[PDB]
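[1] Provided hereafter are the protein sequence and its experimental coordinates.
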Amino acid sequence: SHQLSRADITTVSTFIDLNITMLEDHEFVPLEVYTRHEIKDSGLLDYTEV
Amino acid sequence: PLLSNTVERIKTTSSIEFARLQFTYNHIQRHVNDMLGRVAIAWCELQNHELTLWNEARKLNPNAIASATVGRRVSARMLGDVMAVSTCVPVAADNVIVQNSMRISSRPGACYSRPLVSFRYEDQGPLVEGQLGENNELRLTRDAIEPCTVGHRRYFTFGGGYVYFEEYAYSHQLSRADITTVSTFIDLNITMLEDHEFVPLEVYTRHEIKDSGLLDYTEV
Amino acid sequence: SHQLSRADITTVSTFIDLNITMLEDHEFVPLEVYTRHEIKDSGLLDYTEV
Amino acid sequence: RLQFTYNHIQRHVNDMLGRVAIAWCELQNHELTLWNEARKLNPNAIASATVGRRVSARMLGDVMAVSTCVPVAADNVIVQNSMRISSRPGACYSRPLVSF
Amino acid sequence: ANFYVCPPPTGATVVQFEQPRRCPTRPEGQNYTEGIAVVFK
């Protein structure tokens, strides 16, 4: 009769799917609550500058 | 909050490492839990899917399937939609002798397709004739007969090795390593995480920060 | 001869077991070797208070 | 604190991945028997997939004789139209006849 | 390398394969709300 392309016939899946996703690259920036300076300035008086 | 179109004084800690550690732990935990849940789901589906192949394997050769599933070397026969199973008994390797020729001396044109064997249950028991089987098993009835054909070379399992038969005649024994093996296993390589040690490390110590000051009132 | 329940006949496992459990949630509480108040109080004398 | 976090994650991963490896091992050792039975039906396919190339094979008891096949170009094959046997009506071919 | 001899089986002992289990379902997933924030110390 004739020939047929492979895609012309319905394909049923005989495979089991596993969707493994990678862990994304991340960056940590320098973060701090109070800098060394802020702590120095927190004092009411400084002997050196006085 | 945003949506897409579709009296007391509070004290704050000086260190923020706990929040960063919480973020790191949460991110890692989410990734590992998601991936491992997916793997568990896939395993369950794969086993449920392979049950279909087992349903037919139990029909093609009941003995091997019963042996691999039940947990011990047994002989089974399919008896409808179930398997009738029986636990069967071992026999020592040295108490088995193979006959040299498989030819039938009384019926020309008919040859035994399996090697004939003589075995004894105990070291002092009587001699029992029988037929060899698959994966070192012994058949009591000699029924495997086929028309005799030229070009007959065969290998059979025997103990830890093979026996090779030439033209319905005994040729010799062979070690297992003598025949090249193709791998029927898919390889999966996993190595563990190495144990690591974190040492105390600081950019500036307490003493260096104290020394940074130009004058100290106490010392002066 | 008769009928039988499914439970009446012994079953052998055709399945391979994979017992993967989950990782637990954790809480990181605020932990401090020394509070900044303790570090300030470590000094013998303070110019401001004196 | 970093020691604690690293350790905790290490235990979890090194346990679960080991379990996965063990389960893979058992799965392969458990599928070997299905291989052992399917190889009897169409030995060519199992031999081809296992050995590493398209190979014809035939069993010799508990082993199998092996031979590699020769490639043939697609355009050098012509299919005859009819499977009818011109001398024996009532007998037909099951697979297409070819000239290569 | 130990041989075996096996009598023909009988209906005395009957065994069946297990029926499929129910695979576990994925968790729903945390419901996250976007926003813009300011942190005060």
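    It's in. Residues are numbered from 1 along each chain as shown, chains lettered A, B, ... in the order given.
[2] wondering if stretch E:27-41 reaches chain B at all.
    Yes - Stretch E:27-41 lies within reach of chain B by Cβ under 8 Å from any Cβ of the partner chain, at E:27, E:33, E:34, E:35, E:36, E:41. Every residue, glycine included, has its C-beta placed from N, CA and C.
[3] and stretch E:7-18, by the same measure?
    Yes - legend: contact between stretch E:7-18 and chain B by Cβ under 8 Å from any Cβ is shown at E:7, E:8, E:9, E:10, E:11, E:12, E:13, E:14, E:15, E:16, E:17, E:18.
[4] next, the buried residues of that stretch.
    E:9, E:13, E:15, E:16, E:17 (16 or more other Cβ atoms under 10 Å in any protein chain shown).
[5] now do the SS call for the closest residue in space to the last one that isn't next to it in sequence.
    Nearest residue to residue E:17, sequence neighbours excluded (Cβ to Cβ, 6 or more residues apart in numbering or on different chains): residue C:14, at 4.7 Å. In terms of secondary structure, residue C:14 is coil; the call rests on DSSP: H, G, I helix; E, B strand; the rest coil.
[6] got the end-to-end distance for stretch A:3-14?
    Terminal residues of stretch A:3-14 are spaced 24 Å apart (Cα to Cα, to the nearest Å).
[7] which residues touch that stretch?
    Taking Cβ atoms under 8 Å, 6 or more residues apart in numbering or on different chains as the criterion, no residue outside stretch A:3-14 touches it.
[8] now do it: distance to the chain's middle.
    Distance of stretch A:3-14 from the chain centroid (Cα atoms, centre = their mean, to the nearest Å) equals 40 Å.
[9] and the closest residue to chain A within chain E, how far is that from residue B:10?
    Nearest residue of chain E to chain A: residue E:41, at 6.0 Å (Cβ to the nearest Cβ). Counting by Cβ to Cβ, to the nearest Å, the separation of residue E:41 from residue B:10 is 9 Å.
[10] so of the residues of stretch E:27-41 next to chain B, which ones are in strands?
    Among the residues of stretch E:27-41 next to chain B, no member falls in strands (criterion: DSSP state E).
[11] reformat these as JSON lines; add neighbour count.
    JSON lines is the format used below for the residues of stretch E:27-41 next to chain B (neighbours: other Cβ atoms under 10 Å in any protein chain shown):
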{"residue": "E:27", "neighbour count": "10"}
{"residue": "E:33", "neighbour count": "7"}
{"residue": "E:34", "neighbour count": "8"}
{"residue": "E:35", "neighbour count": "8"}
{"residue": "E:36", "neighbour count": "6"}
{"residue": "E:41", "neighbour count": "9"}
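[12] so of these, which ones are in helices?
    With DSSP state H as the criterion, helices contain none of those.
[13] among those residues, which two are most distant?
    Taking Cβ to Cβ, the two most distant members of the residues of stretch E:27-41 next to chain B are E:27 and E:41; they sit 35.0 Å apart.
[14] for residue A:20, which non-adjacent residue is spatially closest?
    residue B:35 (5.9 Å).
[15] burial of the one you found, as a residue count?
    When neighbours are defined as other Cβ atoms under 10 Å in any protein chain shown, residue B:35 has 17 of them.
[16] any idea how far it lies from residue E:26?
    12 Å.
[17] what do you get for residue E:16?
    In terms of Cβ to Cβ, residue E:16 sits 31 Å off from residue E:26.
[18] so what's the closest residue to chain B within chain E up against?
    Going by Cβ to the nearest Cβ, chain B is nearest to residue E:6 of chain E, at 3.2 Å. Contacts of residue E:6 were listed using Cβ under 8 Å, 6+ apart, and they are B:63, B:74, B:75, B:86, B:88, B:89, B:137, B:138.
[19] now do the helices in chain A.
    A:36-41.
[20] follow-up on the earlier one: now list the buried members of the contacts of residue E:6.
    Counted by 16+ other Cβ under 10 Å, the contacts of residue E:6 give B:63, B:74, B:75, B:86, B:88, B:137, B:138 as buried.
[21] how about the residues you listed in TSV, adding distance to residue E:22?
    Listed next are these as TSV, based on distance: Cβ to Cβ, whole Å:
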residue	distance to residue E:22
B:63	32
B:74	30
B:75	34
B:86	34
B:88	36
B:137	38
B:138	43
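[22] quick check, nearest of those to chain C?
    residue B:74 (10.3 Å).
[23] who's the closest one bridged to?
    residue B:87 (DSSP bridges).
[24] ok, it to residue E:15 distance?
    According to Cβ to Cβ, residue B:74 stands 9 Å off from residue E:15.
[25] still on that earlier bit, just put the residues of stretch E:27-41 next to chain B in TSV and tack on distance to chain D.
    As requested, the residues of stretch E:27-41 next to chain B are exported to TSV (distance: Cβ to the nearest Cβ, whole Å):
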residue	distance to chain D
E:27	17
E:33	27
E:34	28
E:35	28
E:36	30
E:41	21
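[26] stretch E:20-38 near chain A at all?
    No - against chain A, stretch E:20-38 shows no contacts by Cβ under 8 Å from any Cβ, the least distance being 10.5 Å.
[27] any idea how far apart the tips of that stretch sit?
    In stretch E:20-38, first residue to last residue: 53 Å (Cα to Cα).
[28] what does stretch E:34-41 give?
    Span of stretch E:34-41 from end to end, Cα to Cα: 22 Å.
[29] can you list contacts of it?
    Outside stretch E:34-41, the residues touching it (Cβ under 8 Å, 6+ apart) are A:33, A:34, B:1, B:2, B:3, B:4, B:12.
[30] what does stretch A:42-50 give?
    A:34, A:40, B:213, B:214, B:215, B:216, B:217, B:220, C:47, C:48.
[31] just the strands in chain E please.
    Going by DSSP E, chain E shows strands at E:3-5, E:14-17.
[32] same for the first one, what does it pack against?
    Contacts defined by 3 or more Cβ pairs under 8 Å, 6 or more residues apart in numbering or on different chains; DSSP states H and E place strand E:3-5 against strand B:89-91, strand B:137-139.
[33] neighbours of residue E:5, how many?
    Residues near residue E:5, counting by other Cβ under 10 Å: 20.
[34] okay, the residue nearest to the spatial centre of chain E and residue B:47: tell me how far apart.
    Per Cα atoms, centre = their mean, the C-alpha nearest to the average position across chain E is that of residue E:23, at 5.6 Å. The gap separating residue E:23 from residue B:47 is 9 Å, by Cβ to Cβ.
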